[PDB]
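Okay, protein32.txt now, which holds compact mmCIF, N, CA and C atoms and all ligand atoms:
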# COMPACT_ATOMS: atom_id res chain seq x y z
N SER A 1 0.83 -1.22 0.00
CA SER A 1 0.00 0.00 0.00
C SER A 1 0.85 1.24 0.00
N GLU A 2 0.77 2.02 -1.09
CA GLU A 2 1.71 3.08 -1.42
C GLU A 2 1.22 3.87 -2.64
N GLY A 3 1.82 5.02 -2.96
CA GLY A 3 1.58 5.68 -4.25
C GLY A 3 2.80 6.43 -4.73
N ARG A 4 3.09 6.44 -6.03
CA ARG A 4 4.17 7.24 -6.60
C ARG A 4 3.76 7.82 -7.95
N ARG A 5 3.72 9.16 -8.11
CA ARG A 5 3.34 9.80 -9.40
C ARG A 5 4.38 10.75 -10.02
N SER A 6 5.48 10.92 -9.31
CA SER A 6 6.63 11.74 -9.67
C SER A 6 7.86 11.19 -8.92
N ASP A 7 9.02 11.81 -9.10
CA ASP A 7 10.32 11.41 -8.56
C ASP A 7 10.68 9.99 -9.05
N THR A 8 10.87 9.87 -10.37
CA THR A 8 11.23 8.58 -11.02
C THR A 8 12.13 8.77 -12.25
N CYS A 9 13.05 7.84 -12.56
CA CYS A 9 13.95 7.93 -13.71
C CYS A 9 13.15 7.76 -15.01
N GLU A 10 13.30 8.62 -16.01
CA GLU A 10 12.70 8.42 -17.34
C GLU A 10 13.23 7.19 -18.11
N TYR A 11 14.44 6.73 -17.76
CA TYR A 11 15.10 5.54 -18.34
C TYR A 11 14.97 4.24 -17.49
N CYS A 12 15.09 4.25 -16.15
CA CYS A 12 14.76 3.08 -15.31
C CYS A 12 13.22 2.85 -15.27
N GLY A 13 12.37 3.89 -15.26
CA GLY A 13 10.95 3.80 -14.86
C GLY A 13 10.72 3.55 -13.36
N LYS A 14 11.82 3.52 -12.57
CA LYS A 14 11.85 3.23 -11.14
C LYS A 14 11.72 4.51 -10.32
N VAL A 15 10.82 4.47 -9.35
CA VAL A 15 10.64 5.50 -8.34
C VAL A 15 11.92 5.72 -7.53
N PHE A 16 12.13 6.93 -7.04
CA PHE A 16 13.30 7.33 -6.25
C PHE A 16 12.84 8.12 -5.01
N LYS A 17 13.77 8.77 -4.28
CA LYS A 17 13.50 9.55 -3.06
C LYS A 17 13.74 11.08 -3.12
N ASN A 18 14.42 11.56 -4.14
CA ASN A 18 14.74 12.98 -4.34
C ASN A 18 15.11 13.24 -5.81
N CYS A 19 14.45 14.22 -6.45
CA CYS A 19 14.68 14.59 -7.85
C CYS A 19 16.13 14.86 -8.26
N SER A 20 16.99 15.36 -7.36
CA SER A 20 18.42 15.51 -7.63
C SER A 20 19.14 14.16 -7.64
N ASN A 21 18.91 13.29 -6.66
CA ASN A 21 19.42 11.90 -6.68
C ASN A 21 18.91 11.11 -7.89
N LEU A 22 17.66 11.34 -8.30
CA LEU A 22 17.16 10.94 -9.61
C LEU A 22 18.05 11.46 -10.73
N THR A 23 18.28 12.76 -10.88
CA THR A 23 19.11 13.38 -11.92
C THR A 23 20.52 12.77 -11.93
N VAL A 24 21.22 12.72 -10.79
CA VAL A 24 22.63 12.28 -10.78
C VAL A 24 22.73 10.81 -11.11
N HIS A 25 21.85 9.93 -10.61
CA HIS A 25 21.93 8.52 -10.97
C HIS A 25 21.59 8.31 -12.45
N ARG A 26 20.62 9.06 -13.01
CA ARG A 26 20.26 8.98 -14.43
C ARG A 26 21.42 9.37 -15.34
N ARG A 27 22.40 10.16 -14.85
CA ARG A 27 23.67 10.50 -15.54
C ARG A 27 24.76 9.44 -15.23
N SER A 28 24.93 8.91 -14.01
CA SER A 28 26.04 8.01 -13.65
C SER A 28 25.88 6.59 -14.18
N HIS A 29 24.65 6.17 -14.55
CA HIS A 29 24.45 5.04 -15.44
C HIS A 29 24.45 5.43 -16.93
N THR A 30 23.48 6.25 -17.36
CA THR A 30 22.91 6.32 -18.72
C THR A 30 22.49 4.95 -19.21
N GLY A 31 23.44 4.06 -19.52
CA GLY A 31 23.17 2.68 -19.99
C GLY A 31 22.22 2.69 -21.20
N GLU A 32 21.33 1.68 -21.30
CA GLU A 32 19.98 1.84 -21.88
C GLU A 32 18.92 1.18 -20.95
N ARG A 33 17.73 1.79 -20.79
CA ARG A 33 16.53 1.30 -20.08
C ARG A 33 16.77 0.95 -18.58
N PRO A 34 15.92 0.18 -17.83
CA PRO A 34 16.29 -0.26 -16.49
C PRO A 34 17.37 -1.36 -16.49
N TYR A 35 18.21 -1.49 -17.53
CA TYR A 35 19.06 -2.65 -17.84
C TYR A 35 18.28 -3.98 -18.06
N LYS A 36 17.08 -4.12 -17.47
CA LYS A 36 16.13 -5.23 -17.52
C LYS A 36 15.78 -5.63 -18.95
N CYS A 37 15.98 -6.90 -19.30
CA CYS A 37 15.36 -7.54 -20.45
C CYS A 37 13.92 -7.89 -20.13
N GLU A 38 13.11 -7.87 -21.17
CA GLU A 38 11.70 -8.29 -21.07
C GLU A 38 11.45 -9.74 -21.50
N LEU A 39 12.46 -10.40 -22.07
CA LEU A 39 12.48 -11.76 -22.63
C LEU A 39 13.33 -12.74 -21.78
N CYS A 40 14.52 -12.29 -21.33
CA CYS A 40 15.14 -12.80 -20.09
C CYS A 40 14.70 -12.04 -18.83
N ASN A 41 14.90 -12.61 -17.63
CA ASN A 41 14.90 -11.84 -16.39
C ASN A 41 16.35 -11.49 -15.97
N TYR A 42 17.06 -10.72 -16.82
CA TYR A 42 18.46 -10.28 -16.62
C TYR A 42 18.67 -8.76 -16.62
N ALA A 43 19.70 -8.29 -15.88
CA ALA A 43 20.13 -6.90 -15.81
C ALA A 43 21.61 -6.72 -15.36
N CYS A 44 22.29 -5.72 -15.93
CA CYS A 44 23.71 -5.42 -15.66
C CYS A 44 24.00 -3.97 -16.12
N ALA A 45 24.90 -3.21 -15.48
CA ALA A 45 25.05 -1.75 -15.62
C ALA A 45 25.40 -1.21 -17.03
N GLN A 46 26.14 -1.92 -17.89
CA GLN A 46 26.61 -1.29 -19.15
C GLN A 46 25.47 -0.86 -20.11
N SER A 47 25.80 0.03 -21.06
CA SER A 47 24.98 0.40 -22.22
C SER A 47 24.98 -0.75 -23.22
N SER A 48 26.01 -0.81 -24.07
CA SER A 48 26.13 -1.70 -25.23
C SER A 48 25.92 -3.22 -24.99
N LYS A 49 26.03 -3.70 -23.75
CA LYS A 49 25.60 -5.03 -23.36
C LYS A 49 24.15 -5.28 -23.72
N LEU A 50 23.22 -4.33 -23.51
CA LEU A 50 21.80 -4.53 -23.77
C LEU A 50 21.49 -4.37 -25.26
N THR A 51 21.94 -3.30 -25.94
CA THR A 51 21.71 -3.07 -27.38
C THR A 51 22.28 -4.18 -28.23
N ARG A 52 23.44 -4.74 -27.88
CA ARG A 52 23.96 -5.94 -28.52
C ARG A 52 23.08 -7.16 -28.22
N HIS A 53 22.81 -7.53 -26.95
CA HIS A 53 21.92 -8.67 -26.61
C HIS A 53 20.53 -8.57 -27.22
N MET A 54 20.01 -7.35 -27.43
CA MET A 54 18.73 -7.01 -28.04
C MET A 54 18.71 -7.36 -29.51
N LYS A 55 19.74 -6.94 -30.25
CA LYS A 55 19.79 -7.25 -31.67
C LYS A 55 20.25 -8.67 -31.98
N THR A 56 20.90 -9.33 -31.03
CA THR A 56 21.17 -10.78 -31.05
C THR A 56 20.12 -11.68 -30.35
N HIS A 57 18.87 -11.25 -30.14
CA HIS A 57 17.88 -11.99 -29.32
C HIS A 57 17.04 -12.97 -30.14
N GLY A 58 17.16 -12.96 -31.46
CA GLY A 58 16.25 -13.64 -32.39
C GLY A 58 16.07 -15.16 -32.30
N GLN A 59 14.97 -15.56 -31.68
CA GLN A 59 14.48 -16.95 -31.61
C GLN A 59 15.52 -17.95 -31.12
N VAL A 60 16.26 -17.62 -30.06
CA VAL A 60 17.31 -18.49 -29.47
C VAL A 60 16.80 -19.83 -28.87
N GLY A 61 15.49 -20.02 -28.65
CA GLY A 61 14.83 -21.25 -28.20
C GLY A 61 14.92 -21.62 -26.72
N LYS A 62 15.75 -20.90 -25.96
CA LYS A 62 16.14 -21.20 -24.59
C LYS A 62 15.92 -20.03 -23.59
N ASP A 63 15.46 -18.85 -24.06
CA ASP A 63 15.22 -17.63 -23.23
C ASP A 63 16.50 -17.20 -22.47
N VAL A 64 17.66 -17.59 -23.02
CA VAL A 64 19.02 -17.29 -22.54
C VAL A 64 19.98 -17.32 -23.73
N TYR A 65 20.87 -16.34 -23.81
CA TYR A 65 21.80 -16.17 -24.94
C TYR A 65 22.94 -17.22 -24.95
N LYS A 66 23.46 -17.54 -26.16
CA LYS A 66 24.58 -18.51 -26.36
C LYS A 66 25.42 -18.25 -27.63
N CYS A 67 26.70 -18.65 -27.60
CA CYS A 67 27.67 -18.55 -28.69
C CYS A 67 27.28 -19.60 -29.72
N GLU A 68 26.71 -19.17 -30.84
CA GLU A 68 26.14 -20.11 -31.84
C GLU A 68 27.18 -21.05 -32.49
N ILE A 69 28.47 -20.67 -32.52
CA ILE A 69 29.62 -21.57 -32.88
C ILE A 69 30.03 -22.60 -31.78
N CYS A 70 29.88 -22.32 -30.47
CA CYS A 70 30.13 -23.26 -29.33
C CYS A 70 28.91 -24.14 -28.99
N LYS A 71 27.72 -23.54 -29.06
CA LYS A 71 26.49 -23.77 -28.26
C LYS A 71 26.57 -23.28 -26.79
N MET A 72 27.74 -22.81 -26.33
CA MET A 72 28.03 -22.42 -24.93
C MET A 72 27.21 -21.18 -24.48
N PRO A 73 26.48 -21.22 -23.34
CA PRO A 73 25.74 -20.06 -22.82
C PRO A 73 26.61 -18.94 -22.25
N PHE A 74 26.23 -17.68 -22.49
CA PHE A 74 26.89 -16.44 -22.06
C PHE A 74 25.88 -15.28 -22.08
N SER A 75 26.01 -14.36 -21.13
CA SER A 75 24.99 -13.33 -20.80
C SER A 75 24.70 -12.35 -21.97
N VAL A 76 25.74 -11.94 -22.72
CA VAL A 76 25.61 -10.85 -23.70
C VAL A 76 26.67 -10.98 -24.80
N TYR A 77 26.38 -10.46 -26.00
CA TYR A 77 27.28 -10.50 -27.16
C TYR A 77 28.63 -9.76 -26.96
N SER A 78 28.71 -8.72 -26.12
CA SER A 78 30.02 -8.09 -25.80
C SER A 78 30.97 -9.03 -25.05
N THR A 79 30.48 -9.84 -24.10
CA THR A 79 31.34 -10.85 -23.48
C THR A 79 31.67 -11.99 -24.42
N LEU A 80 30.78 -12.35 -25.36
CA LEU A 80 31.13 -13.30 -26.41
C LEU A 80 32.21 -12.84 -27.39
N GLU A 81 32.30 -11.56 -27.76
CA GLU A 81 33.35 -11.11 -28.68
C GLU A 81 34.71 -11.24 -28.00
N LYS A 82 34.71 -11.08 -26.66
CA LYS A 82 35.89 -11.20 -25.81
C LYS A 82 36.25 -12.65 -25.46
N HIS A 83 35.28 -13.56 -25.44
CA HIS A 83 35.45 -15.02 -25.36
C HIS A 83 35.94 -15.58 -26.71
N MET A 84 35.23 -15.32 -27.80
CA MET A 84 35.50 -15.81 -29.15
C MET A 84 36.88 -15.41 -29.63
N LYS A 85 37.31 -14.16 -29.40
CA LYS A 85 38.61 -13.69 -29.87
C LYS A 85 39.84 -14.15 -29.06
N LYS A 86 39.64 -14.97 -28.02
CA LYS A 86 40.72 -15.58 -27.20
C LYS A 86 40.53 -16.99 -26.62
N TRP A 87 39.32 -17.31 -26.19
CA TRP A 87 38.81 -18.68 -25.88
C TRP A 87 38.70 -19.60 -27.09
N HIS A 88 38.76 -19.01 -28.28
CA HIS A 88 39.03 -19.62 -29.57
C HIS A 88 40.24 -18.91 -30.23
N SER A 89 41.43 -18.98 -29.61
CA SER A 89 42.73 -18.80 -30.30
C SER A 89 43.80 -19.72 -29.70
N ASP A 90 43.83 -19.83 -28.38
CA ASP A 90 44.35 -20.98 -27.62
C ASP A 90 43.17 -21.83 -27.10
N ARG A 91 43.40 -23.11 -26.77
CA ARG A 91 42.36 -24.06 -26.34
C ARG A 91 41.74 -23.72 -25.00
N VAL A 92 40.61 -23.01 -25.01
CA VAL A 92 39.66 -22.90 -23.89
C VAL A 92 40.29 -22.54 -22.52
N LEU A 93 41.22 -21.57 -22.57
CA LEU A 93 42.01 -20.99 -21.47
C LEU A 93 41.19 -20.23 -20.42
N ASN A 94 41.83 -19.57 -19.45
CA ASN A 94 41.21 -18.96 -18.25
C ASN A 94 40.45 -17.64 -18.55
N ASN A 95 39.80 -17.58 -19.70
CA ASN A 95 38.94 -16.52 -20.22
C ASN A 95 39.46 -15.07 -20.30
N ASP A 96 40.78 -14.88 -20.48
CA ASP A 96 41.53 -13.62 -20.31
C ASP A 96 41.33 -12.51 -21.39
N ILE A 97 40.11 -12.32 -21.93
CA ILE A 97 39.58 -11.19 -22.76
C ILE A 97 40.38 -10.80 -24.04
N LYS A 98 39.70 -10.37 -25.11
CA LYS A 98 40.35 -9.62 -26.23
C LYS A 98 40.91 -8.29 -25.73
N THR A 99 42.22 -8.10 -25.85
CA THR A 99 43.02 -6.92 -25.45
C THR A 99 44.43 -6.98 -26.09
N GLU A 100 45.21 -5.92 -25.93
CA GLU A 100 46.60 -5.73 -26.43
C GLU A 100 47.52 -5.32 -25.30
ZN ZN B 201 17.83 5.31 -13.90
ZN ZN B 202 16.99 -11.16 -22.93
ZN ZN B 203 32.22 -19.81 -28.33
Output the structure of this file as structure tokens.
Ligand SMILES: [Zn+2]
Ligand SMILES: [Zn+2]
Ligand SMILES: [Zn+2]
Amino acid sequence: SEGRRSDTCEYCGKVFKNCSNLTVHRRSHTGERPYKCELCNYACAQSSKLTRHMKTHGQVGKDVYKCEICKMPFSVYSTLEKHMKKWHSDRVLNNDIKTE
């Protein structure tokens, strides 16, 4: 039992406690949306994690994302580019990311 009609993020859709704390958090994330997927029940702070997982969401059959060359499950396509570019260059090593 409660009501909220103002003091909420235009991008989270989540109610808050003060319009300035609303403003500063809406800048310190940006991200996209409440990070929440509507097809998975998943969320994580980055921007491009969601826009990539969104455009890679097409009829995966399992309501969870996976590397279509492995069949191996992984949260988002940005972590897969970092898996694929090194977890497939030496044999299935300690997942140490695409970097220089
Ligand atoms: Zn927000
Ligand atoms: Zn999803
Ligand atoms: Zn893979």
For this session: Write out as an NGL selection string each polymer residue (protein, DNA or RNA) that has an atom no more than 5 Å from ligand ZN 201 (chain B), with only N, CA and C atoms and all ligand atoms counted.
Result: :A and (9 or 11-12 or 26)
Seminar exercise, completed: As a check of understanding: the span from atom N of residue 13 in chain A to atom C of residue 65 in chain A is 25.5 Å
First collect every listed atom of range 11-18 of chain A; then fit an axis-aligned box around them, widen it by 6 Å on each side, and give centre and edge lengths in Å to one decimal, as AutoDock Vina command-line options.
--center_x 12.9 --center_y 8.0 --center_z -10.7 --size_x 16.5 --size_y 22.4 --size_z 27.3
Problem set entry | Minimum-distance residue to residue 30 in chain A, chosen among A:45, A:15, A:97, A:69 (using all atoms listed in the file) | A:45
For this session: Check the DSSP output for the backbone and give back, as a PyMOL selection string, the residues of chain A in strand (DSSP E or B).
Result: chain A and resi 8+15+66+73+88+91
Exercise. Of the candidates A:81, A:68, A:63, A:10, which shows the shortest atom-to-atom distance to residue 34 in chain A, using all atoms listed in the file?
Worked result: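 Checking each of A:81, A:68, A:63, A:10 against residue 34 in chain A, counting all atoms listed in the file, the winner is A:10.
Near ligand ZN 203 (chain B), at a distance of at most 6 Å and with only N, CA and C atoms and all ligand atoms counted, sit the residues residues 67, 69, 70, 71, 72, 83 and 84 of chain A.
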Exercise. Nearest to residue 75 in chain A among A:21, A:56, A:95, A:28, with distances taken over only C-alpha atoms: which residue is it?
Worked result: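 Ranked by minimum distance to residue 75 in chain A, first place goes to A:56.
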Problem set entry | Coordinates-based distance that separates CA of residue 96 in chain A from CA of residue 50 in chain A (Å, one decimal) | 22.0 Å
Exercise. What residues have any atom no more than 8 Å from ligand ZN 202 (chain B) when counting only N, CA and C atoms and all ligand atoms, and can you list them as a PyMOL selection string?
Worked result: chain A and resi 36-42+53-54+57+63-65+75
Exercise. What separation in Å, quoted to one decimal, exists between CA of residue 4 in chain A and atom N of residue 51 in chain A?
Worked result: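 One can read the CA of residue 4 in chain A to atom N of residue 51 in chain A distance as 28.3 Å.
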Enumerate as a compact mmCIF listing (two decimals) with N, CA and C atoms, in the frame of the given file all residues of range 22-83 of chain A assigned to alpha helix (DSSP H) by DSSP on the backbone, naming them with the chain letters and numbers the document uses.
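And here's part.txt as it stands now:
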# COMPACT_ATOMS: atom_id res chain seq x y z
N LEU A 22 17.66 11.34 -8.30
CA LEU A 22 17.16 10.94 -9.61
C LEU A 22 18.05 11.46 -10.73
N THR A 23 18.28 12.76 -10.88
CA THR A 23 19.11 13.38 -11.92
C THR A 23 20.52 12.77 -11.93
N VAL A 24 21.22 12.72 -10.79
CA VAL A 24 22.63 12.28 -10.78
C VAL A 24 22.73 10.81 -11.11
N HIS A 25 21.85 9.93 -10.61
CA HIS A 25 21.93 8.52 -10.97
C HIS A 25 21.59 8.31 -12.45
N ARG A 26 20.62 9.06 -13.01
CA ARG A 26 20.26 8.98 -14.43
C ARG A 26 21.42 9.37 -15.34
N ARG A 27 22.40 10.16 -14.85
CA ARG A 27 23.67 10.50 -15.54
C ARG A 27 24.76 9.44 -15.23
N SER A 28 24.93 8.91 -14.01
CA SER A 28 26.04 8.01 -13.65
C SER A 28 25.88 6.59 -14.18
N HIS A 29 24.65 6.17 -14.55
CA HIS A 29 24.45 5.04 -15.44
C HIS A 29 24.45 5.43 -16.93
N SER A 48 26.01 -0.81 -24.07
CA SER A 48 26.13 -1.70 -25.23
C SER A 48 25.92 -3.22 -24.99
N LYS A 49 26.03 -3.70 -23.75
CA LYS A 49 25.60 -5.03 -23.36
C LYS A 49 24.15 -5.28 -23.72
N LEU A 50 23.22 -4.33 -23.51
CA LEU A 50 21.80 -4.53 -23.77
C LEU A 50 21.49 -4.37 -25.26
N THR A 51 21.94 -3.30 -25.94
CA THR A 51 21.71 -3.07 -27.38
C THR A 51 22.28 -4.18 -28.23
N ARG A 52 23.44 -4.74 -27.88
CA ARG A 52 23.96 -5.94 -28.52
C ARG A 52 23.08 -7.16 -28.22
N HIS A 53 22.81 -7.53 -26.95
CA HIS A 53 21.92 -8.67 -26.61
C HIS A 53 20.53 -8.57 -27.22
N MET A 54 20.01 -7.35 -27.43
CA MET A 54 18.73 -7.01 -28.04
C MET A 54 18.71 -7.36 -29.51
N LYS A 55 19.74 -6.94 -30.25
CA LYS A 55 19.79 -7.25 -31.67
C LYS A 55 20.25 -8.67 -31.98
N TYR A 77 26.38 -10.46 -26.00
CA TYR A 77 27.28 -10.50 -27.16
C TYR A 77 28.63 -9.76 -26.96
N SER A 78 28.71 -8.72 -26.12
CA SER A 78 30.02 -8.09 -25.80
C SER A 78 30.97 -9.03 -25.05
N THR A 79 30.48 -9.84 -24.10
CA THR A 79 31.34 -10.85 -23.48
C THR A 79 31.67 -11.99 -24.42
N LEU A 80 30.78 -12.35 -25.36
CA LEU A 80 31.13 -13.30 -26.41
C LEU A 80 32.21 -12.84 -27.39
N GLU A 81 32.30 -11.56 -27.76
CA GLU A 81 33.35 -11.11 -28.68
C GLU A 81 34.71 -11.24 -28.00
N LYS A 82 34.71 -11.08 -26.66
CA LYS A 82 35.89 -11.20 -25.81
C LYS A 82 36.25 -12.65 -25.46
N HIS A 83 35.28 -13.56 -25.44
CA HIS A 83 35.45 -15.02 -25.36
C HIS A 83 35.94 -15.58 -26.71
Could you add whatever atoms are missing so that range 34-56 of chain A carries N, CA, C and O atoms, then write the result as a PDB file, in the coordinates of the input?
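Writing the result to out.pdb gives the following:
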ATOM      1  N   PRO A  34      15.920   0.180 -17.830  1.00  0.00           N
ATOM      2  CA  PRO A  34      16.290  -0.260 -16.490  1.00  0.00           C
ATOM      3  C   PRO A  34      17.370  -1.360 -16.490  1.00  0.00           C
ATOM      4  O   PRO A  34      17.422  -2.169 -15.564  1.00  0.00           O
ATOM      5  N   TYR A  35      18.210  -1.490 -17.530  1.00  0.00           N
ATOM      6  CA  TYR A  35      19.060  -2.650 -17.840  1.00  0.00           C
ATOM      7  C   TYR A  35      18.280  -3.980 -18.060  1.00  0.00           C
ATOM      8  O   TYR A  35      18.795  -4.824 -18.798  1.00  0.00           O
ATOM      9  N   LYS A  36      17.080  -4.120 -17.470  1.00  0.00           N
ATOM     10  CA  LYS A  36      16.130  -5.230 -17.520  1.00  0.00           C
ATOM     11  C   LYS A  36      15.780  -5.630 -18.950  1.00  0.00           C
ATOM     12  O   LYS A  36      15.241  -4.805 -19.699  1.00  0.00           O
ATOM     13  N   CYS A  37      15.980  -6.900 -19.300  1.00  0.00           N
ATOM     14  CA  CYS A  37      15.360  -7.540 -20.450  1.00  0.00           C
ATOM     15  C   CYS A  37      13.920  -7.890 -20.130  1.00  0.00           C
ATOM     16  O   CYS A  37      13.552  -8.160 -18.988  1.00  0.00           O
ATOM     17  N   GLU A  38      13.110  -7.870 -21.170  1.00  0.00           N
ATOM     18  CA  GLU A  38      11.700  -8.290 -21.070  1.00  0.00           C
ATOM     19  C   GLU A  38      11.450  -9.740 -21.500  1.00  0.00           C
ATOM     20  O   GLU A  38      10.356 -10.257 -21.294  1.00  0.00           O
ATOM     21  N   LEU A  39      12.460 -10.400 -22.070  1.00  0.00           N
ATOM     22  CA  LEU A  39      12.480 -11.760 -22.630  1.00  0.00           C
ATOM     23  C   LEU A  39      13.330 -12.740 -21.780  1.00  0.00           C
ATOM     24  O   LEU A  39      12.843 -13.808 -21.411  1.00  0.00           O
ATOM     25  N   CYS A  40      14.520 -12.290 -21.330  1.00  0.00           N
ATOM     26  CA  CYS A  40      15.140 -12.800 -20.090  1.00  0.00           C
ATOM     27  C   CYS A  40      14.700 -12.040 -18.830  1.00  0.00           C
ATOM     28  O   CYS A  40      14.278 -10.892 -18.925  1.00  0.00           O
ATOM     29  N   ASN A  41      14.900 -12.610 -17.630  1.00  0.00           N
ATOM     30  CA  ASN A  41      14.900 -11.840 -16.390  1.00  0.00           C
ATOM     31  C   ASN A  41      16.350 -11.490 -15.970  1.00  0.00           C
ATOM     32  O   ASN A  41      16.822 -11.908 -14.900  1.00  0.00           O
ATOM     33  N   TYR A  42      17.060 -10.720 -16.820  1.00  0.00           N
ATOM     34  CA  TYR A  42      18.460 -10.280 -16.620  1.00  0.00           C
ATOM     35  C   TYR A  42      18.670  -8.760 -16.620  1.00  0.00           C
ATOM     36  O   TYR A  42      17.939  -8.054 -17.318  1.00  0.00           O
ATOM     37  N   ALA A  43      19.700  -8.290 -15.880  1.00  0.00           N
ATOM     38  CA  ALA A  43      20.130  -6.900 -15.810  1.00  0.00           C
ATOM     39  C   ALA A  43      21.610  -6.720 -15.360  1.00  0.00           C
ATOM     40  O   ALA A  43      22.153  -7.492 -14.561  1.00  0.00           O
ATOM     41  N   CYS A  44      22.290  -5.720 -15.930  1.00  0.00           N
ATOM     42  CA  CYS A  44      23.710  -5.420 -15.660  1.00  0.00           C
ATOM     43  C   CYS A  44      24.000  -3.970 -16.120  1.00  0.00           C
ATOM     44  O   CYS A  44      23.391  -3.518 -17.086  1.00  0.00           O
ATOM     45  N   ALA A  45      24.900  -3.210 -15.480  1.00  0.00           N
ATOM     46  CA  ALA A  45      25.050  -1.750 -15.620  1.00  0.00           C
ATOM     47  C   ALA A  45      25.400  -1.210 -17.030  1.00  0.00           C
ATOM     48  O   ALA A  45      25.017  -0.086 -17.343  1.00  0.00           O
ATOM     49  N   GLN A  46      26.140  -1.920 -17.890  1.00  0.00           N
ATOM     50  CA  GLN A  46      26.610  -1.290 -19.150  1.00  0.00           C
ATOM     51  C   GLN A  46      25.470  -0.860 -20.110  1.00  0.00           C
ATOM     52  O   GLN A  46      24.329  -1.333 -20.014  1.00  0.00           O
ATOM     53  N   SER A  47      25.800   0.030 -21.060  1.00  0.00           N
ATOM     54  CA  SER A  47      24.980   0.400 -22.220  1.00  0.00           C
ATOM     55  C   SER A  47      24.980  -0.750 -23.220  1.00  0.00           C
ATOM     56  O   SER A  47      24.171  -1.677 -23.104  1.00  0.00           O
ATOM     57  N   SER A  48      26.010  -0.810 -24.070  1.00  0.00           N
ATOM     58  CA  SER A  48      26.130  -1.700 -25.230  1.00  0.00           C
ATOM     59  C   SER A  48      25.920  -3.220 -24.990  1.00  0.00           C
ATOM     60  O   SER A  48      25.480  -3.906 -25.908  1.00  0.00           O
ATOM     61  N   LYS A  49      26.030  -3.700 -23.750  1.00  0.00           N
ATOM     62  CA  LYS A  49      25.600  -5.030 -23.360  1.00  0.00           C
ATOM     63  C   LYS A  49      24.150  -5.280 -23.720  1.00  0.00           C
ATOM     64  O   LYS A  49      23.878  -6.368 -24.206  1.00  0.00           O
ATOM     65  N   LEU A  50      23.220  -4.330 -23.510  1.00  0.00           N
ATOM     66  CA  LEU A  50      21.800  -4.530 -23.770  1.00  0.00           C
ATOM     67  C   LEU A  50      21.490  -4.370 -25.260  1.00  0.00           C
ATOM     68  O   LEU A  50      20.943  -5.309 -25.798  1.00  0.00           O
ATOM     69  N   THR A  51      21.940  -3.300 -25.940  1.00  0.00           N
ATOM     70  CA  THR A  51      21.710  -3.070 -27.380  1.00  0.00           C
ATOM     71  C   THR A  51      22.280  -4.180 -28.230  1.00  0.00           C
ATOM     72  O   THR A  51      21.626  -4.599 -29.181  1.00  0.00           O
ATOM     73  N   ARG A  52      23.440  -4.740 -27.880  1.00  0.00           N
ATOM     74  CA  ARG A  52      23.960  -5.940 -28.520  1.00  0.00           C
ATOM     75  C   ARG A  52      23.080  -7.160 -28.220  1.00  0.00           C
ATOM     76  O   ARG A  52      22.607  -7.765 -29.184  1.00  0.00           O
ATOM     77  N   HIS A  53      22.810  -7.530 -26.950  1.00  0.00           N
ATOM     78  CA  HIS A  53      21.920  -8.670 -26.610  1.00  0.00           C
ATOM     79  C   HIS A  53      20.530  -8.570 -27.220  1.00  0.00           C
ATOM     80  O   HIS A  53      19.926  -9.611 -27.462  1.00  0.00           O
ATOM     81  N   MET A  54      20.010  -7.350 -27.430  1.00  0.00           N
ATOM     82  CA  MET A  54      18.730  -7.010 -28.040  1.00  0.00           C
ATOM     83  C   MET A  54      18.710  -7.360 -29.510  1.00  0.00           C
ATOM     84  O   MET A  54      17.837  -8.106 -29.951  1.00  0.00           O
ATOM     85  N   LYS A  55      19.740  -6.940 -30.250  1.00  0.00           N
ATOM     86  CA  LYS A  55      19.790  -7.250 -31.670  1.00  0.00           C
ATOM     87  C   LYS A  55      20.250  -8.670 -31.980  1.00  0.00           C
ATOM     88  O   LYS A  55      19.853  -9.195 -33.019  1.00  0.00           O
ATOM     89  N   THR A  56      20.900  -9.330 -31.030  1.00  0.00           N
ATOM     90  CA  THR A  56      21.170 -10.780 -31.050  1.00  0.00           C
ATOM     91  C   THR A  56      20.120 -11.680 -30.350  1.00  0.00           C
ATOM     92  O   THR A  56      20.464 -12.820 -30.039  1.00  0.00           O
TER      93      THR A  56
END
